[PDB]
Each structure stands twice: as structure tokens, then as C-alpha cells.
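Asks: Protein chains in written order, with the entry's author numbering: chain C, 13 to 105, 117 to 493; chain B, 13 to 108, 119 to 493; chain D, 13 to 107, 118 to 245, 253 to 493. Just so you know, even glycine gets a beta-carbon here, dropped at the ideal spot from N, CA and C. Dropping the structure in here first, questions after.
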Amino acid sequence: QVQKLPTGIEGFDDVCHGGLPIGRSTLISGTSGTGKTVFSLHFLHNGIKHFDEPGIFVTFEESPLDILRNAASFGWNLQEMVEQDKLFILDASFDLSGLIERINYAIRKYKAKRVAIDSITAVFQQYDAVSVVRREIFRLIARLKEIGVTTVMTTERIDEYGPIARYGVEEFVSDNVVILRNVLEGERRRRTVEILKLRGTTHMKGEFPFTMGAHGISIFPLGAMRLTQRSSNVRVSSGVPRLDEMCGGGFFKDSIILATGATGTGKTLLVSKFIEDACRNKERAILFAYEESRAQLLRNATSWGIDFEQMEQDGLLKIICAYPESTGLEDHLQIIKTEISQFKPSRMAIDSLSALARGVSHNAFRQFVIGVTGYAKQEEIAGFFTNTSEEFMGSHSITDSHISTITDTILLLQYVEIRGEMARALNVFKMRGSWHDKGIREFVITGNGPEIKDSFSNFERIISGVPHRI
Amino acid sequence: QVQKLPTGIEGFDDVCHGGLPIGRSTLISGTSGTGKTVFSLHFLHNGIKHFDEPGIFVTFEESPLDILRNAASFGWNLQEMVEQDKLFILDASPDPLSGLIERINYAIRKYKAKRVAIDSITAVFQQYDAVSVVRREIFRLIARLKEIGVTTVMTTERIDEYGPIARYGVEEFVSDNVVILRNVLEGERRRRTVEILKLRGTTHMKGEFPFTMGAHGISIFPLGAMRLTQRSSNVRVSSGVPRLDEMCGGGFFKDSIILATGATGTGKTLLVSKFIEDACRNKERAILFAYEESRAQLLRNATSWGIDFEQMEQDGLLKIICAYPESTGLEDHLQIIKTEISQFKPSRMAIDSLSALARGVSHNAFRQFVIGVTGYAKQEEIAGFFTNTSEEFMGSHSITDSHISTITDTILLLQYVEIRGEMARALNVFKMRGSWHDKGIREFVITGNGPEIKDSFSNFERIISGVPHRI
Amino acid sequence: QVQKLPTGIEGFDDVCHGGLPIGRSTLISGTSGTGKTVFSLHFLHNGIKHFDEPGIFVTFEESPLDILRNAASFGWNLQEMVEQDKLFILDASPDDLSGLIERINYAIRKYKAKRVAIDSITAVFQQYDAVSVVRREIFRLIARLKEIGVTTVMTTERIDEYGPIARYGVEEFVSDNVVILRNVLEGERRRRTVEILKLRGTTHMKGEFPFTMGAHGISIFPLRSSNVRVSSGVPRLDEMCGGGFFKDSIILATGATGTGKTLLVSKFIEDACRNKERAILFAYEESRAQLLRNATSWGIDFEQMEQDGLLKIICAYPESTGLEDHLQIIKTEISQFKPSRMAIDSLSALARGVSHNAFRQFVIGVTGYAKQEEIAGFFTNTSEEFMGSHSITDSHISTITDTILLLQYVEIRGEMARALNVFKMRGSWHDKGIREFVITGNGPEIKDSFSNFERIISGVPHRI
Ligand SMILES: Nc1ncnc2c1ncn2[C@@H]1O[C@H](COP(=O)(O)OP(=O)(O)NP(=O)(O)O)[C@@H](O)[C@H]1O
Ligand SMILES: Nc1ncnc2c1ncn2[C@@H]1O[C@H](COP(=O)(O)OP(=O)(O)NP(=O)(O)O)[C@@H](O)[C@H]1O
Ligand SMILES: Nc1ncnc2c1ncn2[C@@H]1O[C@H](COP(=O)(O)OP(=O)(O)NP(=O)(O)O)[C@@H](O)[C@H]1O
Ligand SMILES: Nc1ncnc2c1ncn2[C@@H]1O[C@H](COP(=O)(O)OP(=O)(O)NP(=O)(O)O)[C@@H](O)[C@H]1O
Ligand SMILES: Nc1ncnc2c1ncn2[C@@H]1O[C@H](COP(=O)(O)OP(=O)(O)NP(=O)(O)O)[C@@H](O)[C@H]1O
Ligand SMILES: [Mg+2]
Ligand SMILES: [Mg+2]
Ligand SMILES: [Mg+2]
Ligand SMILES: [Mg+2]
Ligand SMILES: [Mg+2]
């Protein structure tokens, strides 16, 4: 019988299984710069816009004018909401009994249903002991429940993985507790959200990554991804007809393609051909490059007889070039999502995934891979992902990150020593939903692209890289 | 000798070796959101539903009306219990320990209560009570409650998960019984555990045991309490591939765990699909737990193999449950399986795949999962088909990486074999407990109609390496 | 709308996405010797030099004369600026709150100051102040400086590098903006970093960015292509590469010790100077004398190239400094001499001590500078295994490289032979052969491929 109020924040409602309990107070706790103020403003803003519920923001430090100024770059009409008596900022820069009655006045005057208090810590630092803090928070919470308001209360922390608040009391008094974290690992920051406790209801458990973008907080609950993506038998072309034959008539549109192999095997070539065919069919494509600069890609592509500039000028090709270490993986994902949503491609390429794994948790990488994979299949975009293997010959593994099961189609490129010279080979290792050629065919790179020849039928141990002529 | 009172909480009595000591006080300690209040209510709720033992809940903060509303999420009709005078919520919250003890005592007498819950004592000692005060005052409360002869649950707060048991380093030593609820955050995922540290005068299970809070309240899964006592018959069940059945000595065993291991793309899913199809052809029910592919993909690929899961799902013989491994923790996944089984009640089940569920979990937490799902399948007499993808694509010297080979009864090893510069495939019945099996590493070819198993590579060596030599 | 003011500090405005918010206070916190003071003076100095905005520097310990003396090592004309009534240093050193305000207010007016630096606010409260008092007192100072309409910088002291952000656990929550300076000790080596933790109402780059302090102040360095060919100095290798190396490419020479990487990195260089072009060699393994002796035995006369003004050689042990400092040493020397071709021998040596993640940042930085400056770059990496190295690098920098030359030993008939292979060449055809070569007093000699053998890449072949 515990009902909830939508915050209007994308993903927070999902993690809360609907939103914050109505009539109750929720504690949002975090270190400096975690998004407590941003979240609290968000909560009020959506109240007034989407449900026409007036809201009150109580401030003990930040001036009203600064709060509006610091919220100006989220695209919200707060100034007008204030002018139209829909939002009231109460400056508060036997004090709690005074504050309580002052808030109560504003609630009744503006007929408020949502309240934000930011931050309660500042009040109790005055000179309150743990015994005093506990009784005083309980009063404020109880009275706020008496007026019949839904409240968001902000507290400060010092550590990321330590005391949830400051006095070790605020959490046990609050019905609902939210933790914002901003963790530093490998010189990079990662914002996350956790719902620790909602009394009398359910919620998602654990930390959920988030970003603060254009319209505010965006949460991507990886747990709230459903394994229900649609699947057709519609084919698309690789740009190499012999490969299309080997793949049983081309790749599926609804599929994830992995090209794996050592450096210089011809992965970038195969993605370039995959993108070319999109543009040749007058469809849009995006290439996310993390290894090469666009200028480099352009030269190399023109040396294969592929004109990327032409494709860009036609408005069919978008190339995004970035160093993996330039941001966190949650941010990388958001760039991929935002850039796809702007260009609405039918085909997408990542060159390479193995680059985005350098100097990252094996787990954090997997979370990234499931997300981009899941997004592509969800959005019905054909994805071609590249992976560079460390060992250049003999690698008995497809991925060092062990990601093979997520992909639908696996193209294995490899070097093969033939008569004191370095040759290459291509195999359609896996193809869900279709027959494929089982051959480890030779292929050569020319100035006009790849040429898949025939298997080395008179050789043994071809997969090792160092064969034996029978 | 100390007698025990059944709590009626699923799994708690097993870890307690019967229940909580009667006429004694049990400390329940934990950080915020561990489920201390839920445990307390459950204890009292079951007291009155099962044995008609009236209960008293002493609250120092939460209002009676909130406790009832917060309990509604479990479907306990506590409002009726309060009206019928079987549950009493004593409000000891601020006016805006001898006196409290006297109120509690006479409340017990009025309602003839046999069980009491005090939530939380920490709050009352965060007035001004010091180490010597808290100790003397808890002792007073505990001693008196033994005088009345009531079984009491007492709640305390903590800051850390693996630090002091309570706040003042005193409550654990004065209490006769100590339970620790933990909500540990490893990685970015939370795992609820319960531990019984100490039961004076009695025995109990030791260490941490996972638990979940569901629709009927707390549910504890102690693998330790699970016994090696599952049945074994000679009843056979068909794979769906007649040549494989011959290779297995006349089909799989019903009371068995089938493991298919192999590199990606070998055809593990194809074999799962056949195993399920067969049940439905014999008008038997089967569940598929897919953690890699979606219903749409699963059905498109099945139709490419000549399998209609839709017809089976229409006839109520097939239930496909697709979900990412990241959606929940393993303990929760285990529950979802058991629940969905207990609903659909199948003859066969499939997990495609176990290797997916080992993603981002410890080796022991996965084992504990494997022991659970296997043991559950075997003690419910349901044939189980499990898949495992291997990290190496040719020449894996190990069957599994997680060492789950001993738990499985039948092992099917799928591999790639390079023949004439082309990737062929081979199938082997590596192990078959209780039966003869073909020892051949026999080639197979995936077609539109399904798998077609052929002859062994009798003119080759080093076949298991995946890179053979022609003789 | 929140507006930012350029600091003019190299890279800080990039990481600040414009600069520090105008008319607000930014907290700069760090342990001792991080560079709080140097950062604050750099803020004021650049205010007068670039935007002609006067600045005030409040000090509670350091003397004005010492501050100017300490600023001397950056070439900052603070002497003139004080004389020209541009910079004024308010000495609040012992021989209160309301007092210091009025003084600064007067100075702001008297000197028409738009920038103020306070260093250090900790010291003031190091008289006495409970958490409540500190918070209220800082809140006032900020609230007032906001009224005056000044962009302020405030210094605070930390005890640990990854601990609390300030001292009293309060300063971060009052300030609108918080910058953290760190000086982390790891492997007996120190590394300086800057982080923008929080900018209320605006965006900023997230995380730690490395910085150095040169002779102009703080340098923060956060993270086309032609078909013009250049010669290797080995005709046969040029043919193997499809007509030589591209002038817009990174060349890696990978192989075991003694394979001939230094020879190839010598021929390249000699070829530049033979074309009357400048080149630099950054050595971290051998001395200039050793290099000269061995070059002479190979037939290459470096001494002439240095004298003819077409070759510089910078030799330094990797342990000399740190990666971030090493990178600056390259950058500086490149701009000074202005080469056509660069050469590092070796990158494997510069990877000693540092972390894999720490090294990867060096390579990208160095790689980017060459391509940015349009300089051909020849790099060497020594592999750990002398035979059977089925891995190009252990550092995984292959993707960053354009051209890969693999040198390996091969056992032929109880004898140790050598082979070279153009493993990779982006934007060009190359020879695929694993060709034998021999080192002589005339230099290398690329011969034929071992067509009659198998398993050559292994190093232990089989005569078929
Ligand atoms: N119906 C339900 N189903 C699942 N989980 C639930 C349900 N009801 C409550 N919970 C969970 O139980 C948590 C609170 O349990 P509760 O026993 O009140 O915690 P506690 O340990 O008493 N907290 P605290 O008072 O701060 O010490 C909620 O945050 C939910 O995660
Ligand atoms: N014009 C050309 N003619 C013939 N071969 C060429 C030509 N241009 C490039 N190549 C070959 O193509 C290779 C580069 O292929 P590419 O697609 O970049 O491989 P990759 O596997 O993506 N490399 P990497 O990302 O560095 O691991 C070169 O090493 C040459 O062997
Ligand atoms: N219609 C078809 N005709 C022929 N071969 C097919 C057909 N459909 C699928 N295949 C083959 O069957 C393979 C898929 O088998 P599958 O059972 O999905 O393998 P798996 O080992 O379960 N893969 P994974 O889940 O990634 O570990 C494809 O890679 C093809 O080689
Ligand atoms: N208008 C905006 N546009 C974009 N990002 C913003 C904006 N406002 C704030 N941010 C980001 O959010 C951070 C601070 O969010 P905010 O909610 O003010 O933090 P907080 O947790 O309330 N800080 P504190 O008061 O110290 O506890 C900034 O450092 C920015 O990274
Ligand atoms: N006069 C000479 N005649 C023949 N061979 C010579 C002569 N001088 C040097 N060498 C060879 O050249 C090798 C040194 O080549 P060099 O280019 O220094 O290798 P490297 O791979 O850079 N070594 P290192 O720096 O230790 O990793 C010696 O081991 C000899 O085999
Ligand atoms: Mg704030
Ligand atoms: Mg590439
Ligand atoms: Mg509770
Ligand atoms: Mg200083
Ligand atoms: Mg050398």
C-alpha cells in the first residue's frame, strides 16, 4: 500500500520501481559534486511541468539567484515557474521549529506537494550532537509527513565507500535512502546511483552508472535492459561478395559482427567495406574510431579505393574519432548513444573494442559491451565491432575479454607463414541463423580492396599460423 | 537443555538448527536496509499465524501506522491481527529503561504474548547512554525479559559490514544470541547475507548464508543444509538426435545433469533446442532459461534448424525465460529459476548458458549457484541440460574452467577440427555415469533439419588438439 | 547564465571548458608542494598580461619580497607590475574576519582589481575554529567577494592525496568550484595531477590530468596525412615498404636484443642528413660515444652530421626524470632544433618503472606531437623473449604504430641468423617476405626469404 511519485528523471524511476514513496522523505547523500542539488531541482521541475505540482526549495547557503543561474544550462523555464508561483525558493541562510513553521507557511501558501531541502547537514553543524541530530531530523521528517508532502533531503559525505551520511543517524531515521557516488579509479571519474533502502516497497539493488547531460541526469539501468530484441532474416552486404557467399548470402541486418585478429590482418578494411555498402545503398552509417585519426583513415581508405569524404559530403557517413583514455566507459557509451540519435544510422562500426578495454576493469568493459551491443540490437542498427589480439600467431582464443558469446557473426583473420612469407587467411567462424563456408580461405589486400581466394587444402596446422605442407 | 522456537522463516530455522532459543533474547544487528524490521515482523507474524502466539512490537521511531503499511508489501493481514488483539504495537517514540520495561511487561500480560520484538534499541541508547550505561541497561532489559519468559528479538544498527557487530562494542557480549544481517557491495552489486554468530547453550550453522526478500518476506538459501539425497532411476529420455541417443547407450537419463561444453558456434544451443523439442513432442513441459539470446533470436534460429518453439509455447509445453545475467545477482537468479519451475512444474529444464552467469562473479559464488541449481533439479526429479562455452576455440585441455565437471553426470564435448584447411566439427560423449557410451569423436554437420552425426576421424591423430595430422 | 574567465594557464581552460566561473571563488586544495601558490600567481599574472585586469594577492605567511623572489624563476615581471600599480600584495601575516574584508575591499577599489588570490585560508583558521565557525566564516568571505564582483582563487591545505579534499571537511561544500592538486608518490617517483571536481552550473572535464611546472608556470597537457615517402637508408627495405616510409607515419622496429634495431635507427637519420635535413636522436640505452663508435663500425659518420648542423643526439637514462617530464624534454628539443625526422631508442627502456597505463599515455603524447608537427618518427622496442615472441609488444601499442618492422633471430644450421619483415604498413603495399639479413661494416644487407624452411617465425625452423 506504499505508493510512489515519478521524479521524471530517466532511469531513476526504473531503479526505484516507479519512483520515490509519496508523503515520505527521501535522503540523497553524496560527496561534493555528486549531483544532489541537480537531482533535487530535477525532482521539483518535473513535478510542476508534468504533474503541475508546486514545489519548494529550501536553501541554507546557495542564494536563490545562484540556484537559478546554476540551473540555467539544463533548458528549464525555472524563472517563469518562480514568477508564476509554481516554484518557491526559501532562503534560510528553536531554529528547527522556526524553519518548520516557515516551510509549512510556504507549503500552504503555494499549495506545494514536493519539497527539496539542501542541505540539512549545514543546519546540524551549528552545534548538534548525534542524540540531538536524531531527534531533530525525526521531527522535521514527521512534520513533513504531517503536512503531506513528498520530500527530498540532501546530506554530505566525506568518503565514497564509507559512512552514508555524517553522523551515522540520518540513514536509520529516513524511510528512503539514495546514495550518489563519484569514484576515482585510474585517474577517471564514474558517477553512479544506488537505492540503498525504500521502506515498504521494492527497488533495484546496487550501483547504477549515470551521466549529467543536456537536459540533466541520464541514468542507464543495465539491469533494466530486457532480452526481447526483435530478429529478422533480412540480409545486408559486407562489401565483399565472396564474403557474402561465405556468410550464406551476406550478414543479417539484425546482428552483431565481430572481426578479430592480430594487428595488420585487415580488420579496418572489412569495416570500411561494411560502411561503404551502407552509403552505396544510400543509407547512413557511423564509424567510431579509437585507434586511428580521421585523416589517417581517409588516406588508408583512399589507398583501398574507398572515398569516405564523398560519403560524408553526401550526408551518409559520420566519423567520430576519440582516444579511449579521454573519458570513462559510461561517458563513451553516452557519446555513442547521442551520436547515433543525431545521425540515425542503419549501420554502425566500432574500431576497435579492444582499444576501449585498455586500462579498464574487465567487468567495466563487459558492462560497456553489453550496453552498446544491447543498444544496437534494440535500435535495429547493424553493428560491426573490431578486436585486436595480442599474440599475432597461435592465439587459441577469439577474444581476450571473452566476449564471443555476445556476437552473432565472427570473422577470424589470421597470419599464415607460407614458404618464408607472411600470408593471411579469413574464416567465418560463427554465423547464427545461417549456413556459412567452413573454409579458412586465403585473402589478399590490394589497392582495390580484399580478394578472398581458396583454402590451403594441402596444408596442416593452418590455424596455428605456422603450417606444415603435407 | 535449551529448547528452540520455530520462526517459520524459510531457511532461518535450518541455520539455527531448529530456531531461536525459547525464553531468550536474540540480537539482530545490521546496517540500514539489511531487513532487521522485516525479520522482526516475520517472527511475530508467524508466531500468530502458525501457533497462535500473540506478539508485541516495540517501536522507538517508526509509527504503528507506517509499520502496518510497510508490512502490506508482504501480504500479511496484520491489521486484522491488531484488531483481534493478537498483535500489539507499543509506541515508545518521543513524547513530542525501567519505565519501558514495565510497559512491555504489562503489555505481555494483557495480550498473553509469547514473542516480543524491540526495534531499535540503538535509538534509545543514542540519548546519552555510555558504554557502562548501555551495558548495565541492556542487561537489565534482557534479564527481565527472561523473567517474564518471552522469546525476544532485538534490533541494533551498525555502520560497516565487516566491523563492530553493533555500535558500542557491548551489545553482542550481553546478548545470549547474535544474528548479523549484511548487505555487502562487491563490484557494483549488493548481496544480502545472514549469519548466526552465537547461540549460547545450543548449536547452529556457521558463516554467512545468502538470502533474498520476496513477496512472502525473507527467504534464506543455506546450501549447507541441502543434503546429498536425490534419487536415481534407469529411465531414459531422448536427446532429439537418434544417433546421439545411441551414442549415450539408449538416450539420456531422466535423473541426470547433462553438460554440453565447447567453443562458441559449435552447436550447444542446437542440442538444447532438440532436448526441449523432444519433451514437447511427448506432451511434456519444458522451460528454457536463456541468458545470451532473446526469444526473437532464439525462435528465428530455431526455425532455421526446423524447430517451432511458438507452437510449443502455444500448447503450454514450453516457457522461455530470457534475461541478462546482470539483471540480478546469482542468489536472485537461483530464486527466479526455482519459482518459475515451481509454477510451470516442468519435466525438463535448460540453462543456456552457465558460462554467461559466471560473468562478473567470484568462483565460489558461481559454484554455490551450480550446486544449488543442480541439487534442486536432481531433488525435484527434473532432467537438466546445461551449456558451457569454453574460452579457447581449439585444444582446451580442460572440460570446464569453473570445475563443475564432477557435479554433472553426462558430458557432451563439442569441438572444432581443422580438416583440409576447413573448420569441421566433432561430438564426443565424454562421460556417461551409469551407462555405456560411444567413445568416438564423431564428426557432425549442422543443417536446416538439425545435426547430422557422422563417423570418427579414424585416419587422423591429435584430433582433440583441434589441429590434427593425417596418417 | 554562468560565464567563465580564461586563466591563460596552458590546458587549465581546456579542462575547465572555458576557465573559472566569473565573479565566484574557486578552491584550490592540495598537499604541500603541489603548486597552489604558483597556480594562484599564474592566475593574477596572466590577468594583467593578457586581459589588463589588475590582481590582488592575499598572503598570511609568505612575505611579499619572498613571493616576488619565488616568482622570479618563471620570468614573471611582477616587479614592474607592482610598480605600475597592477599587482598588489596584501600582507596579512602576523607580526579578524571583518577586518580582512574591508582591507581587500579597499585594495580592490584602489587598484581596480578584477582578480584576487587568497593563500592560504587554512592558515587564517589555524588560530581556532570549530566546523560550524569555519563554514560560516568562509561562507561570508565568499558571499562578500561575490558582491564586490571579483573572481577569487582560494588555497587550502590537505594532509593526504586521496583523503579529504580540505582539512575541516566543510570548505568543498561551501565553495562553488573546487580544483584538486595532487603529487602522488608511486614507485619512489612523484607525479603531479590536476582535477576539476565541481563547477556549479557548468561543465568540466572529469578526472585527473597530469601537469608539469616549467619555466613559464604550469603546463597541463590533456588528451592531415600525406603520401610523401622518405627513405630508410636501405634501398631493399625501401622496396619492401613500397617505396620507403611515409613522412607522416610512426615506424616501430620490434625485435630481440642484438637484432639490429639501432642499426636501422642509424641508417634512418643518416639518410636525413644525406638529404641535408635535420634530425634528432633520443637515446636511453647507449652513450653518444658508444653510439659514435658503433656507428663508425657500421660506416656511419655521426660526428660530421652533428658538426654540419643536421643532427642532434640527446642521451639520458630513463630514470633521469619521469614520463611527463621526458615528454617535455622531447617537445622542447624538437622546437629548438626543428627536425625533419625524430628517433627514440628505445621506447622499451622508457617503459621501465612506469605503469602500463602510465606508459601508454607517453606514447600517445609523443606519437601525436610528431604527426602534429609533421615529423617522421622511428621508434624501437626490445622484446623480452629472444625467440618465439608471438607478440609484437607486451605494452599493446601496435595499433598506435603505422609501420611495423619485425626483426628476429633464426636458427639455420647450428648458427644464429637474422631476419626482418615489414609486418604492417598502413596505406601501402609491402613485401610479405621474412627476409634474411646480415650486419656488416658497410651496414645491413637484406637477402632472400627462407622458402625451403617452415616455422621461421618460431625461430626454430624445419628444413623441408
Ligand atoms: N515487499 C518487499 N519485497 C522486497 N523487498 C522488500 C519488500 N519490502 C521491503 N523490502 C526491502 O526491505 C528494505 C527495508 O527493510 P527493513 O527491515 O525496513 O530494513 P532495516 O534493516 O530495518 N532498515 P533500518 O531501519 O534503516 O535499520 C527495503 O529497502 C527493501 O529493499
Ligand atoms: N594499397 C595497399 N595495397 C596492398 N596492401 C595494402 C595496401 N594498403 C594497406 N595494405 C595492407 O593492409 C594492412 C592494413 O590493414 P588494416 O585494415 O589497417 O588492418 P588492421 O587489422 O585493422 N590493423 P590494426 O588496427 O593496426 O591492428 C597493411 O599492413 C597492408 O598489409
Ligand atoms: N541453417 C543453418 N544451416 C547450417 N548451419 C547452421 C544453420 N544455422 C546455424 N548453423 C550453424 O550453427 C552455428 C550456431 O550453433 P549454436 O548452437 O548457436 O552454437 P553455440 O555453441 O550454442 N554458440 P554460442 O551461444 O555463441 O556459444 C552457426 O555458427 C552455424 O555454423
Ligand atoms: N547546468 C549544468 N550543466 C551541466 N553540468 C552541470 C550543471 N550544473 C552542475 N553540473 C555538473 O554537476 C556538478 C555539481 O552538481 P551539484 O548538484 O551542484 O552537486 P552537489 O552534489 O549538490 N555539490 P555540493 O553542494 O558540494 O554537495 C558540477 O560539478 C557539474 O559537473
Ligand atoms: N662490424 C660489425 N660486423 C658485423 N656485425 C656487426 C658489426 N657491428 C655490430 N654488428 C652486429 O650488430 C649487432 C648490434 O645491432 P644493434 O642495432 O645495436 O641491435 P639492437 O637490436 O639495437 N640491440 P639492443 O639495443 O641491445 O636491444 C651486434 O650484436 C652484431 O651482431
Ligand atoms: Mg549542492
Ligand atoms: Mg585497425
Ligand atoms: Mg528498521
Ligand atoms: Mg604555497
Ligand atoms: Mg638498441
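Starting from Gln91 (chain C), follow the alpha helix (DSSP H) in both directions and report where the run begins and ends.
Replies: Where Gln91 (chain C) is concerned, the enclosing alpha helix (DSSP H) stretches over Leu90 to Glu95.
Asks: How is the beta strand (DSSP E) around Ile342 (chain D) delimited, first residue to last?
Replies: Start and end: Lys341 to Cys344.
Asks: Mind the definition here: the stretch 123 to 140 of chain B touches the stretch 174 to 183 of chain C only if three or more C-beta pairs lie below 8 Å; say whether that holds.
Replies: No contact exists between the stretch 123 to 140 of chain B and the stretch 174 to 183 of chain C.
Asks: Could you tell me how far apart the beta carbons of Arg370 (chain B) and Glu306 (chain B) are, in whole angstroms, since I believe they sit closer than 8 Å?
Replies: That belief holds up - the Cβ atoms of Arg370 (chain B) and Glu306 (chain B) are roughly 7 Å apart, short of 8 Å.
Asks: Ligand 8 and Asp198 (chain C): does any heavy atom of the ligand fall closer than 7 Å to the residue's C-beta?
Replies: False, no ligand heavy atom lies under 7 Å from that Cβ.
Asks: Residues of chain C with CB under 9 Å from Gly246 (chain B), in chain order?
Replies: Those do not exist, as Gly246 (chain B) stays about 24 Å from chain C at its closest Cβ, beyond 9 Å.
Asks: Which class does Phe452 (chain B) belong to by DSSP, given the choice of helix, strand or coil?
Replies: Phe452 (chain B) falls in the strand class under three-state DSSP.
Asks: Under the three-state reduction of DSSP, which class applies to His491 (chain C): helix, strand or coil?
Replies: DSSP places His491 (chain C) in strand when its eight states are reduced to three.
Asks: Taking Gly456 (chain D) as the reference, give the member of D:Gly272, D:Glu193 and D:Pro76 with the closest Cα.
Replies: For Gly456 (chain D), the nearest C-alpha among the options comes from D:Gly272.
Asks: For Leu379 (chain D), name the three-state secondary structure that DSSP assigns.
Replies: If DSSP states are grouped into helix, strand and coil, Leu379 (chain D) belongs with coil.
Asks: Count the other CB atoms within 10 Å of the CB of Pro490 (chain C); is the residue buried (16 or more) or exposed (fewer)?
Replies: With 16 or more Cβ atoms within 10 Å of its Cβ, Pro490 (chain C) is classed as buried.
Asks: Give the residues from the stretch 143 to 159 of chain C that approach chain B closer than 7 Å (Cβ to any Cβ), ordered along the chain.
Replies: Cβ contacts with chain B come from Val153, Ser154, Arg157 and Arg158.
Asks: What residues of chain C sit near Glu348 (chain D), judged by a beta carbon separation below 7 Å?
Replies: By Cβ distance, chain C contributes nothing, its closest Cβ being about 23 Å from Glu348 (chain D), past 7 Å.
Asks: Give me, in chain order, the residues of the same chain whose beta-carbon lies closer than 7 Å to that of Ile298 (chain C); leave out the 5 immediate sequence neighbours on both sides.
Replies: Result list for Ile298 (chain C): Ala308, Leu310, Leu340, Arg370 and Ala372, in chain order.
Asks: Taking C-beta to C-beta, are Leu32 (chain C) and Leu17 (chain C) nearer than 8 Å?
Replies: Closer than 8 Å, so yes.
Asks: Let's test the definition: count the other Cβ atoms within 10 Å of the Cβ of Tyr184 (chain C) and tell me whether it reaches 16, buried, or not, exposed.
Replies: By the 10 Å Cβ count, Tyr184 (chain C) comes out exposed.
Asks: To be precise: take each residue of the stretch 364 to 388 of chain D, compare its Cβ to all Cβ atoms of chain C, and keep it if any distance is under 8 Å. Which residues remain?
Replies: Correct list: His385 and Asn386.
Asks: I'd like to know whether the C-beta of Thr178 (chain B) is nearer than 8 Å to at least one C-beta of chain C.
Replies: It does not: the Cβ of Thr178 (chain B) has no partner Cβ on chain C nearer than 8 Å.
Asks: What does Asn205 (chain C) pair with, by DSSP beta-bridge criteria?
Replies: C:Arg214.
Asks: DSSP beta-bridge partners for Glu124 (chain B)?
Replies: Paired residue(s): none; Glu124 (chain B) is not in a bridge.
Asks: According to DSSP, which residues form a beta bridge with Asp103 (chain B)?
Replies: Bridge partners of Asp103 (chain B): B:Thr71.
Asks: Could you tell me the boundaries of the alpha helix (DSSP H) in which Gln333 (chain C) lies?
Replies: Unbroken alpha helix (DSSP H) run through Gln333 (chain C): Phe331 to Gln336.
Asks: When the cut-off is 8 Å and only beta carbons count, does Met93 (chain B) lie next to chain C?
Replies: Taking Cβ atoms only, chain C never reaches closer than 8 Å to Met93 (chain B), which makes this a no.
Asks: Spell out a yes or no on whether the stretch 420 to 437 of chain B and the stretch 276 to 291 of chain B are touching, meaning 3 or more CB-CB pairs, one atom from each, closer than 8 Å.
Replies: Short answer: they touch.
Asks: Report yes if the CB atom of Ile126 (chain B) is closer than 8 Å to the CB atom of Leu99 (chain B), and no otherwise.
Replies: Going by C-beta atoms, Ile126 (chain B) is not nearer than 8 Å to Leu99 (chain B).
Asks: Thinking just about the alpha-carbon of each residue, which of B:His385, B:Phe72, B:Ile21 and B:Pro76 is nearest to the one in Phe55 (chain B)?
Replies: The residue with the shortest Cα to Cα distance from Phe55 (chain B) is B:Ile21.
Asks: Quick one: grab the DSSP three-state call for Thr432 (chain C).
Replies: In the structure shown, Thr432 (chain C) sits in a strand (DSSP, three-state: E or B).
Asks: Please work out which residues of its chain come closer than 6 Å, Cβ to Cβ, to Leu53 (chain B), disregarding the five sequence neighbours upstream and downstream, and give them in chain order.
Replies: Excluding positions up to five away in sequence, the list reads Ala83.
Asks: Following a CB-centred definition, is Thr350 (chain B) positioned closer than 7 Å to any heavy atom of ligand 1?
Replies: The answer is no for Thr350 (chain B).
Asks: Cβ-heavy atom distance between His57 (chain C) and ligand 3 below 7 Å?
Replies: Checking every heavy atom of ligand 3 against the Cβ of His57 (chain C), none is found closer than 7 Å.
Asks: What three-state label does DSSP hand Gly246 (chain B) in the structure shown?
Replies: Correct three-state label for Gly246 (chain B): helix.
Asks: Pull up the CB-CB distance for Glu230 (chain D) and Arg204 (chain D), whole angstroms please, since I reckon it's below 8 Å.
Replies: Indeed they touch by this definition, with Cβ atoms about 7 Å apart.
Asks: List the endpoints of the continuous beta strand (DSSP E) containing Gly406 (chain B).
Replies: Residues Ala405 to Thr411.
Asks: Can you name the residues of chain C whose CB is closer than 8 Å to the CB of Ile463 (chain D)?
Replies: Under the 8 Å cutoff, chain C gives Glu440, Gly443, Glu444 and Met445.
Asks: How would you write the range of the alpha helix (DSSP H) that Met269 (chain B) sits in, first residue to last?
Replies: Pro264 to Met269 is the span of the alpha helix (DSSP H), which, as asked, contains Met269 (chain B).
Asks: What residues are listed by DSSP as bridge partners for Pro76 (chain D)?
Replies: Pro76 (chain D) pairs with nothing; no bridge assigned.
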